[PDB]
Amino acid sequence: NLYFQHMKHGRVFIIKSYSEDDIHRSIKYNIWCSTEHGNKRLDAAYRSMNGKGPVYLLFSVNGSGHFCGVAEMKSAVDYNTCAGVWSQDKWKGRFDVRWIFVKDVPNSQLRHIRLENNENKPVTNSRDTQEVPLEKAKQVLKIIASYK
């Protein structure tokens, strides 16, 4: 899948989900919510983008050993929400997402990609809302898209 090899715009973030049930709910309802600090980071990136390129999210459940898919941010963060929707009751907030890949990709396939903005650590050792440089994100996206 040579599609992503020539991407010229966009920002890309890691999402770490404590719960696979929350991944299921995100796919069913096309929504996500991060922590307070994570929501602020994603909101800033989405808003400054002003629709000039995509914001992609690379999802992985904590401790699972694999990534589980890719979604595009499709709205700014709405902070005026009901509590208790997600795996920890305190998280409020919501933004729309569109899932573009739902597939398990082992960390072994992605570990060789290092993030020069994060001490050259493997992309598989990232924390929630770690940003991925575009040239490294393109390599992750090609691998996820091509994996079978």
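Heads up, when I say rigid core I mean the largest set of C-alphas that superpose within 1.5 Å between the two forms. Don't overthink the numbering: it's just position in the shown sequence, from 1.
Comparing 79-87 with 106-114 in 9 other deposited structures of this protein, after superposition on the rigid core, the stretch with the greater RMS C-alpha deviation is 79-87. Farther from the shown form on average, by C-alpha root mean square after a core fit in 9 other deposited structures of this protein, is 8-16, of the stretches 124-132 and 8-16. Averaged over their C-alpha atoms, the temperature factors of 22-30 and 45-53 are higher for 45-53. Averaged over Cα atoms, the B-factor as recorded in the entry is higher for 75-83 than for the other of 75-83 and 57-65.
Ranked by Cα temperature factor within the chain, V123 sits in the lowest third according to the deposited record. Among the modelled residues of its chain, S108 has a C-alpha B-factor that falls in the highest third, as given in the PDB entry.
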